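These are the residues of each chain, in order.
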Amino acid sequence: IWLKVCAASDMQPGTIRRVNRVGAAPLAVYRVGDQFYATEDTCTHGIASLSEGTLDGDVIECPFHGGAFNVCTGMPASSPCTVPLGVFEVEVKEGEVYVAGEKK
Amino acid sequence: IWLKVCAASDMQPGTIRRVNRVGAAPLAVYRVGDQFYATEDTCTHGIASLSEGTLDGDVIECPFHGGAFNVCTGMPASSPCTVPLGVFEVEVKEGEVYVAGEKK
Amino acid sequence: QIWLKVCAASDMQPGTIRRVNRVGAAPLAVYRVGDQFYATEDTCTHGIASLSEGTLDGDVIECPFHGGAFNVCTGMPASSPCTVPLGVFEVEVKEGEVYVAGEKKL
Amino acid sequence: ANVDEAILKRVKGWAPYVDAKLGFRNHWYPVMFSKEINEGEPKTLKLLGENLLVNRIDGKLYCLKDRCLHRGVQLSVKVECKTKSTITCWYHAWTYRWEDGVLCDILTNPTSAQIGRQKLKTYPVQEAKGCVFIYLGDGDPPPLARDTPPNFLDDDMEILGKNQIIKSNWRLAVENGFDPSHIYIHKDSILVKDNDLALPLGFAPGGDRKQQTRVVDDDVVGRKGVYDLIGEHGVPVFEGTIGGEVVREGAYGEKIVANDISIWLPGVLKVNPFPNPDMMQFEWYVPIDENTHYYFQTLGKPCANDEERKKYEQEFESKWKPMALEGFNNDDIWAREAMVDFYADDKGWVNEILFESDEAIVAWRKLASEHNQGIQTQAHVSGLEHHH
Amino acid sequence: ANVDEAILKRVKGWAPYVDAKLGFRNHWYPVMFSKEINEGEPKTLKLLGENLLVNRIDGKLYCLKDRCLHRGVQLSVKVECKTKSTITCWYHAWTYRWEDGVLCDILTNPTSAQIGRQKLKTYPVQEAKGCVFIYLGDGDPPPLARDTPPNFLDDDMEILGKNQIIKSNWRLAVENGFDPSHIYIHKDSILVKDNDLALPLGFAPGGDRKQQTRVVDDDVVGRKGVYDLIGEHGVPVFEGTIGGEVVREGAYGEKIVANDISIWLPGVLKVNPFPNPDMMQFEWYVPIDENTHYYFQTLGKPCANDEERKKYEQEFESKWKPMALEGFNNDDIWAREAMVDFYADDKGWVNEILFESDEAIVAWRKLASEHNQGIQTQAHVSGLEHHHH
Amino acid sequence: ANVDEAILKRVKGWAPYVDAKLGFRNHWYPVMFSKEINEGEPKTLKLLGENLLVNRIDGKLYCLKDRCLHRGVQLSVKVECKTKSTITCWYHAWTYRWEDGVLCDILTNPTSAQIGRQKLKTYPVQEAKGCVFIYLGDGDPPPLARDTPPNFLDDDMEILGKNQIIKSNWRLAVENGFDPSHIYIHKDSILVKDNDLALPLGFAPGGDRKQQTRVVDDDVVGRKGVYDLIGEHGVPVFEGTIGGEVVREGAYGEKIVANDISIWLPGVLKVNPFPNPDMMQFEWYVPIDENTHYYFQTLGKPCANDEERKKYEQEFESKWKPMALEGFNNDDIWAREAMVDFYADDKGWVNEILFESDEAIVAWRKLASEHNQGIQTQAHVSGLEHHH
Ligand SMILES: Oc1ccccc1-c1cccc(O)c1O
Ligand SMILES: Oc1ccccc1-c1cccc(O)c1O
Ligand SMILES: Oc1ccccc1-c1cccc(O)c1O
Ligand code: FES
Ligand code: FES
Ligand code: FES
Ligand code: FES
Ligand code: FES
Ligand code: FES
Ligand SMILES: [Fe+2]
Ligand SMILES: [Fe+2]
Ligand SMILES: [Fe+2]
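Residues numbered from 1 in each chain as written, not as in the entry; some residues may be left out. Chains lettered and ligands numbered in written order. Heavy atoms only, no water.

### Focus on the interface of chain D and chain E
(1) Moving on: Between chain D and chain E, the residue contacts involve 40 residues of the former and 37 residues of the latter.
(2) Moving on: Here chain D is connected to chain E by three salt bridges.
(3) Moving on: The shortest N-O distance in the salt bridge between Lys187 of chain D and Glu80 of chain E comes to 2.8 Å.
(4) Moving on: On the surface where chain D and chain E come into contact, there are 18 residue pairs in polar contact. (Contact = heavy atoms within 4.5 Å. Salt bridge = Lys/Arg side-chain N within 4 Å of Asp/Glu carboxyl O. Polar contact = N/O pair within 3.5 Å; in protein donor to acceptor, adjacent residues only side chain to side chain.)

### A short note on the nonpolar core
(1) Moving on: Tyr30 of chain A, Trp94 and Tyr96 of chain D together with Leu45, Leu47, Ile134 and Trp364 of chain F are the most contacted members of the largest nonpolar core, which has 132 residues in total.
(2) Moving on: Setting aside chain neighbours within four positions, we find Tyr96 of chain D in contact with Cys68, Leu69, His70, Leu75, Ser85, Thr86, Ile87, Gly101, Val102, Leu103, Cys104 and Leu120 of chain D.
(3) Moving on: Among the nonpolar cores identified, the runner-up in size contains 130 residues, and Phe65 of chain C, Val18 and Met279 of chain E together with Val73 of chain F belong to it. (Core = buried A, V, L, I, M, F, W, Y, C linked by side-chain atoms within 4.5 Å. Buried < 20%, exposed > 50% of the residue type's maximum accessible area, 1.4 Å probe, protein only.)

### Considering the coordination of the iron ion (ligand 10)
(1) Moving on: Only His182 of chain D (NE2), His186 of chain D (NE2), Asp332 of chain D (OD) and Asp332 of chain D (OD) from the protein reach the iron ion (ligand 10) as donors, at distances of 2.0 to 2.6 Å.
(2) Moving on: Here the iron ion (ligand 10) is ringed by four donor atoms whose angles at the metal span 54 to 153 degrees, and the overall shape comes out irregular. (Donors = N, O, S within 2.8 Å, 3.2 Å for Na, K, Ca; no water. Tetrahedral: all angles 85-135°; square planar, octahedral: opposite > 155°, others 65-115°.)

### Looking at the sheet that holds strand 4 (residues 60-65) of chain F
Residues and elements named next belong to chain F.
(1) Moving on: Within the open sheet, the four strands sit side by side as 2-3-4-8. Their pairing is antiparallel. Every other strand in the sheet has two partners, leaving strand 2 (43-47) and strand 8 (122-123) as the edge strands with one partner each.
(2) Moving on: Two strands pair when backbone bridges link them, and strand 2 and strand 3 (residues 50-57) are joined in this way by five bridges, in the antiparallel orientation. Residue pairing in the sheet places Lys43 in a bridge with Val54 of strand 3. (Pairing = 2+ DSSP bridges. Helix = DSSP H or I, 4+ residues; strand = E, 2+ residues; numbered from the N terminus.)

### Some details on the sheet that holds strand 10 (residues 90-92) of chain B
Residue and element names in this part refer to chain B.
(1) Moving on: What the three strands build is an open sheet, ordered 1-11-10; its pairing is antiparallel. Pairing within the sheet leaves two strands with one partner each, and these edge strands are strand 1 (2-7) and strand 10. Each strand axis lies, on average, 25 degrees off the axis of its neighbour in the sheet, ignoring direction.
(2) Moving on: In terms of strand pairing, strand 10 meets strand 11 (residues 96-100) through three bridges, oriented antiparallel. From the neighbouring strand, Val92 faces strand 11, where its bridge partner is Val97. (Axes fitted to C-alpha atoms, helices over the stretch in contact; angles between N-to-C directions.)

### Re the coordination of the iron ion (ligand 12)
Residue and element names in this part refer to chain F.
(1) Moving on: Here the iron ion (ligand 12) is held by the protein donor atoms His182 (NE2), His186 (NE2), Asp332 (OD) and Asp332 (OD), which lie 2.1 to 2.7 Å from it.
(2) Moving on: For the iron ion (ligand 12), the four donor atoms in the first shell make angles of 53 to 148 degrees at the metal, a pattern classed as irregular.
(3) Moving on: Mapping the donors of the iron ion (ligand 12) onto the primary sequence gives the spacing H-x3-H-x145-D. One exposure class covers both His182 and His186, and it is buried.

### Some details on helix 10 (residues 359-371) of chain D
Residues and elements named next belong to chain D.
(1) Moving on: With 13 residues, helix 10 should cover 18 Å at 1.5 Å per step; its first-to-last C-alpha distance of 18 Å lies within 8% of that length.
(2) Moving on: Most of helix 10 is tucked away, with eleven of its 13 residues classed as buried.
(3) Moving on: For helix 10, every residue scored as buried is listed here: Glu359, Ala360, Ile361, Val362, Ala363, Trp364, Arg365, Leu367, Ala368, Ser369 and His371. (Expected span 1.5 Å × (residues − 1).)

### Section: the site of ligand 1
Residues and elements named next belong to chain D.
(1) Moving on: Near ligand 1 the following residues occur: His182, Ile183, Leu199, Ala258, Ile261, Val271, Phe274, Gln281, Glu283, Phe328, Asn329 and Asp332.
(2) Moving on: Taking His182, its side chain carries an N or O atom lying 2.9 Å from an oxygen atom of ligand 1.
(3) Moving on: Here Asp332 contributes a side-chain N or O atom positioned 3.3 Å from an oxygen atom of ligand 1.
(4) Moving on: Of the residues that constitute the shell around ligand 1, the class distribution is seven nonpolar, three polar and two charged. (Near = heavy atom within 4 Å. Nonpolar A, V, L, I, M, F, W, Y, C, P; charged D, E, K, R; others polar.)

### Details of the UniProt feature "binding site: [2Fe-2S] cluster" in chain C
Residue and element names in this part refer to chain C.
(1) Moving on: Within this structure's numbering, the places UniProt gives as "binding site: [2Fe-2S] cluster" are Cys44, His46, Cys63 and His66. For this annotated set, covering 23 residues, all C-alpha atoms fall within 10.1 Å of each other, a compact arrangement in space.
(2) Moving on: Once you skip the residues sitting within four places of it in the chain, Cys44 turns out to touch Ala49, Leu51, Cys63, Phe70 and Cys82.
(3) Moving on: Along the polypeptide, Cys63 turns up in the loop between strand 6 (60-62) and strand 7 (69-71).
(4) Moving on: In this structure, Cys63 is in contact with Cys44, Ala49, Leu51 and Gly68, ignoring residues within four places of it in sequence. (UniProt positions renumbered as here; feature names shortened; annotations may be inferred.)

### Here's the deal with the arrangement of the chains
(1) Moving on: The closest approach of any C-alpha atom in chain A to one in chain B is 36 Å; the two make no contact.
(2) Moving on: At no point do chain C and chain D touch; the closest pair of C-alpha atoms across them sits 33 Å apart.

### A closer look at the interface of chain E and chain F
(1) Moving on: Of the residues lining the interface, 39 residues belong to chain E; the matching set on chain F comes to 37 residues.
(2) Moving on: With both chains or domains summed, chain E and chain F bury close to 3,000 Å², and 55% of this area falls on carbon and sulfur atoms.
(3) Moving on: Taken together, the links from chain E to chain F amount to three salt bridges.
(4) Moving on: Here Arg71 of chain F ties to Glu175 of chain E by a salt bridge, and the two come within 2.7 Å at their closest N and O atoms.
(5) Moving on: Across the contact surface, chain E and chain F share 17 residue pairs in polar contact.
(6) Moving on: Elements that contribute at least two residues to the side of chain E that touches chain F include exactly helix 3 (170-178), strand 14 (202-204), strand 18 (239-242), strand 19 (245-249), helix 7 (330-344) and helix 9 (359-371) of chain E.
(7) Moving on: Looking at which element gives the most residues to the side of chain E that touches chain F, the answer is helix 7 of chain E, with seven residues.
(8) Moving on: Within the side of chain E that touches chain F, the residues separate by chemical class into 19 nonpolar, eight polar and twelve charged. (Buried area = accessible area lost by both parts, 1.4 Å probe.)

### Here we look at the state of the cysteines
(1) Moving on: In this structure the tally under the stated criterion is zero disulfides over all chains.
(2) Moving on: For the unlinked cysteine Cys81 of chain F, the closest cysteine sulfur is that of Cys89 of chain F, found at 12 Å. (Disulfide = S-S within 2.5 Å.)

### Looking at the environment of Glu313 of chain F
Residue and element names in this part refer to chain F.
(1) Moving on: Inspection of the secondary structure assignment puts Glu313 in helix 6 (residues 306-326).
(2) Moving on: A relative accessible area of 32% places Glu313 in the partly exposed class.
(3) Moving on: Once the C-alpha coordinates of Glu313 and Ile87 are considered, the two residues, 226 residues apart in sequence, prove to be 36 Å apart.

### Some words on the UniProt feature "binding site: [2Fe-2S] cluster" (unreviewed entry) in chain D
(1) Moving on: Following the UniProt record, the feature "binding site: [2Fe-2S] cluster" (unreviewed entry) maps to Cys68, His70, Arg71, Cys89, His92 and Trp94 of chain D here. A maximum C-alpha distance of 10.5 Å places the annotated residues, which cover 27 residues in sequence, within one compact spot.
(2) Moving on: As for its position among the elements, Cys68 of chain D is in the loop between strand 4 (60-65) and strand 5 (86-88).
(3) Moving on: Given the relative accessible area of 4%, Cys68 of chain D is considered buried.
(4) Moving on: Leaving out residues up to four positions away in the same chain, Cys68 of chain D has contacts with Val73, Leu75, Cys89, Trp94 and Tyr96 of chain D.
(5) Moving on: With respect to the helices and strands, the residue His70 of chain D is situated in the loop between strand 4 and strand 5.
(6) Moving on: Looking at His70 of chain D, the relative accessible area reads 1%, which means it is buried.
(7) Moving on: Not counting residues up to four positions away in its chain, the partners in contact with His70 of chain D are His92, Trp94 and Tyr96 of chain D together with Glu352, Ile353, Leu354, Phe355 and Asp358 of chain F.

### A closer look at the site of ligand 3
Residue and element names in this part refer to chain F.
(1) Moving on: By nearness alone, 14 residues border ligand 3, and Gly177, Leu269, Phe274, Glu283 and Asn329 come closest of all.
(2) Moving on: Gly177 is positioned such that a nitrogen or oxygen atom in its backbone is 3.2 Å from an oxygen atom of ligand 3.
(3) Moving on: Within the side chain of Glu283, an N or O atom sits 2.6 Å from an oxygen atom of ligand 3.
(4) Moving on: Mapped onto the shell around ligand 3, the elements with two or more residues apiece are strand 22 (268-272) and strand 23 (280-289).
(5) Moving on: Here the shell around ligand 3 gets three residues from one element, more than from any other, and that element is strand 23.

### Some points on the packing of aromatic side chains
(1) Moving on: Per the counting criterion, the structure on display carries 63 aromatic pairs over all chains.
(2) Moving on: Ring centres of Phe355 of chain D and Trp94 of chain E lie 5.3 Å apart, and the angle between their planes is 70 degrees; on these two criteria the pair is classed as edge-to-face. Placement of the pair is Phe355 of chain D in the loop between helix 9 (348-351) and helix 10 and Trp94 of chain E in strand 6 (residues 94-97), with the two residues belonging to separate chains.
(3) Moving on: Classification of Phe355 of chain D as buried rests on a relative accessible area of 0%.
(4) Moving on: By relative accessible area, which is 0% here, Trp94 of chain E ends up buried.
(5) Moving on: Taken together, a centroid distance of 4.6 Å and an interplanar angle of 20 degrees make the contact between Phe33 of chain E and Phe296 of chain E stacked. Taken as a pair, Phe33 of chain E in strand 1 (residues 27-33) and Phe296 of chain E in strand 24 (residues 292-302) lie far apart in primary sequence, 263 residues in all. With respect to burial, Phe33 of chain E and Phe296 of chain E carry one shared label: buried.
(6) Moving on: Among the aromatic residues, ring-to-ring pairing joins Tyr17, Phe24, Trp170, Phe342, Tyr343, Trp349 and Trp364 of chain D into one connected group.
(7) Moving on: A cation sits over an aromatic face here: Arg214 of chain E above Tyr227 of chain E, 4.2 Å from the ring centre.
(8) Moving on: Note that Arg214 of chain F overlies the ring of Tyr227 of chain F, its terminal NZ or CZ placed 4.5 Å from the centroid. (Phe/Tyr/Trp six-rings, centres within 6.5 Å; stacked < 30°, edge-to-face > 60°. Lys NZ or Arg CZ within 6 Å of the ring centre and 35° of its normal.)

If you want it as structure tokens, here you go:
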């Protein structure tokens, strides 16, 4: 199940890392200060990579249309997004970032 | 000739009281600080009750269209109102408000 | 001829404009910017307005017709709709007398 | 949302109604007759400014928004219904289920991640009394009864009607229909002479303001409406005078009609009895866009058997449709159109000078303002907007 | 009121004129000929954006706003004049007197509190020289003469004319009419050959700026206007050159016309003499709405008796109307339309590049800005807007 | 400058392109064929919102803004070319040289100080391959090659074509042209059967995002464009399915066409080979105003002499123009028109739901945003604005 992504220190705060997964959709890992969150990478509104967007606190802004999601709940924060993001639990243990295998 | 309205202490400053007369059109009594004034209740621009309006100093605003009158002179103060109100003489005797049963 | 007597330097306050009418030629405008003097054609290049009837803002004259404007030192447009530079005429003070060139700089 | 805030601030009695230029969301609206849509023949219409498609599949009606999710084209430019249960966009073949709007296939890319992950807006559709109603709203619909006048849905009530597009805002239609003094425009109607109606020129009101109307704030089914009671204590005017000289007379027929007149959200008038003592009229003014409404006219008559229904259908086509729906209501159409300019800049909502019989209209504007289920906005049409 | 503040701030010489897109309130305007309005047959028109009704009662004209006080319908959708002195709205039968606009009756409710307490807008109407003038303004009107050119109202001056609706703003019509150099557009007019006119192509002006015009604000009847004096010191152009080669000649006929040209508030040109040495042209450009005007053409000829009047009328019908009012002024109509686009966004008022003869147009813009009796606004059309302070 | 700033802030990937409603200034655009403009016959056109006059003098093309400096009338309302080298405004006879736009004479006032002191806007014009290109821009033009697709200017490439005005914005035309999945709309074209074409319904993409296209900004002549490489890792779709059942098939003809598709600034598509394996298509979508474009269609075929040029012309008139330019591309016109309403309020640039093949369109949006030579604004049309 759990996917070891990176060293906590591999991500500067307010940055996003794309996690490619063979035979599955990519994930986005968000560093929000000292916390880590994970969603699907693909905006639910289109084909945009949320890892190429803009983190404002715990809200990711899509780079295509300015749609946005809460990276903690996956719920739309800004139009035109309406379909919730899949959220993946993440655990930091011993400075290592792990992301759940499937969404809650 | 004179109608007994209320005890003067019954009206706070900036408040309006509808006076129903049996067999006649309603009146409006306004308390502006310590002075009392009286007009037709019916807005001259339509069929609104000015007693349901908003008093701002000596100016009554009609709830229908935001037309307004000076409650002392009965003269229009805001568009769309163009026709002056009937002013009714008021007299306070022994801390009780009286309205003249015809206009001046 | 070469140098046209305008007025005494002292006959002009800073931030003012004086029209200089000429026989057989188009009028000039002389501008006092602080202690310095500049001269252009008086006719706005955008039309038929007199720049001497405009407003001077530092080194920029504003035309009274349409709000176009020029740098009085360079003659170059400063505000739309002006696009054509003014002719500039050298000014000199000699015995505190203001003199403007009869011919524009090339 | 829809009107200059400076105007909405002035109309404190009824700001939401004045804002409701595109109509009220989260209500049922009639848009066509059952007979106008056949099995597997999709039909286009515009309702509250939204382009819609209605199809009949295994006898049942389905409504999809007529706007592809992908590039915003109308599917209806070139209908491709390639299976019974689906419609395929003509452009890149995005395919949607009629039943739930789900994007179930994309012929141009069967591996697309969009498949199963998007939904085209659907709206509930119900047929009742030969009429097609669309719930132009979000979430589980209320009962149709909520948004229909009393008795329209009675088991024995036989409904026949006519529908057309009229060039006025829906509200000008509602107010004209509920206006007690607008009866003046009908003084020369062929119906009044040829059906021997009593029709005054108007009413001199009696009693107090509160007696001029009866507001219904609820019943069994959550209906919201106003009855016009001007005739309860009012004096019918049969002689019209100028400077005390008689210049016009009302109609002195024997048939008493229009004893109760009520207007209901979302904008449907009931006139009982009309145009004959044994019948009722129910008419909707359905918002199509800011400028246009459906004038959805119905006549109801209790019928116990197929013989009564057949006879009623004959009298409808030979008499009631031409003499009443056309011969009477045609004057309502051009009266509505005559108010367009004064309200078109939204300034008529301030500058109108109301008189006593307008208490009916005022009661409707307040009821509508207080009990509507939502204001349709241009953003509902283009796509709801929110910045976090 | 009517134009972006940033544009008005740029046009310091004539901002009120640029703002006056709907025309000037509190002036008289001609809208039709007397013979077009018959006893008891009300007629509709739009003047300064306002829908009006004119009626003739006992031979006298009356003007009411064609907008019922109640729900804002035009009365004219279905005219009910039920007594000689009144009009009844077709909708709820609100009834108004032609004489004072007073709401005197309501057939749908004869007990209404509104009766006697409301009044529909009226405008003064006056007939002169078989033309119908409406004072589109407030309070007791000035004398008509204030808003007419000199001689128009002369006892002996016989007035004949034509009126029609033109798709330009009124100001484009005024400026074109008063434009000294626009004569170029008339160089092939049938009037030029067929009435043997002298007509230059244009003017080389002479003298100073002040000598190019006579600004009249000292007229005893209060008329305000400008004379075009370009030809007092100017050399008329009869040979137009490109590269010094003659490419065009003016017309070398014997008849001298357009000696004195003057523009008068609220927007009426006087051309004298024209289109013949013994006649005058008076034409108005009357604002209907921001996009349209009446082109109200008149020709004056002094006449002494019915014989001269009938012969004048015959030549008007057979020659002056077809050959001058149409054959000459038709080119003015499409010249006006050609300026619409540049001025339609109000940016033409900034971007125009004027030359010397436009001094006449500038003098008019300043006169109009300083002496107009009011700026018509959209709020005049819908209903005046004011909040207590 | 052209679009609500709140919408532009949302489209961070391609704001300049969304702002470019009037098109891109400082590029070459084709506007007519050489054969359509004869000696001393001036022709009017609107390009990027500007009214232009084109004239041919001693066989050379000259372009002047069709707007007199004086009172802003179109010279073209009544053309007066009095000398070979000049045009005289019909109004007050301001006279301009075709060659440099200098106000060289005024017939109405030969003493005017304006004479020699004003200049009407001119634009560079050049004819290549029987096509008239105008450089709608300021200063010394770049080489034409920069704003043409590869091989359009080849020595032997014979160019024939057709031009018309289409009622959509130019960008809808460009995106439709370069859209890999829009091939679906062509599945019933008379060209597909009558020229024996292989034509899939669409593509299942393969490989990563960067592999879907080739962005060209290394071309030595400075041309800027994108190749559609969907077919390099993609599986073409020949069997279109709904619920796994085949409802439509592609075309299994022998002739292989559209091996390479590229879009180039300022908005020209190259399809090779098309509509036959020995031919190429180059088509421009030239901005006229916010709402309309020239659809400037050309077919190129290598021809070695007059005989081949002549047989190509005869084939063009009898086959390629009716079967391909009309029979194939007519569907493109109504596809473009179908997207107008969604994009007309500028909201479609936010609300569109893209899928995988739209990678090509996004690559073009970003290219166009980064490498365009300027944004045409309404102030370029009315007269540029600047306060000191
Ligand atoms: O509302 C009414 C009152 C009296 C008589 C007829 C009517 C009437 C009937 C049907 C439709 C309408 O618009 C009416 O005014
Ligand atoms: O103004 C003019 C100057 C010279 C010749 C004719 C006219 C003229 C004549 C009639 C009506 C007009 O508007 C004119 O400008
Ligand atoms: O781009 C294409 C892909 C497959 C088949 C045809 C075309 C095509 C051919 C001519 C003009 C166009 O705009 C096309 O998209
Ligand atoms: S693709 Fe993310 S907001 Fe549209
Ligand atoms: S009814 Fe009072 S302002 Fe209109
Ligand atoms: S004349 Fe000076 S700005 Fe136009
Ligand atoms: S617009 Fe409908 S599938 Fe593309
Ligand atoms: S609108 Fe005229 S009487 Fe009601
Ligand atoms: S508008 Fe062209 S010369 Fe005056
Ligand atoms: Fe009615
Ligand atoms: Fe003229
Ligand atoms: Fe295509």
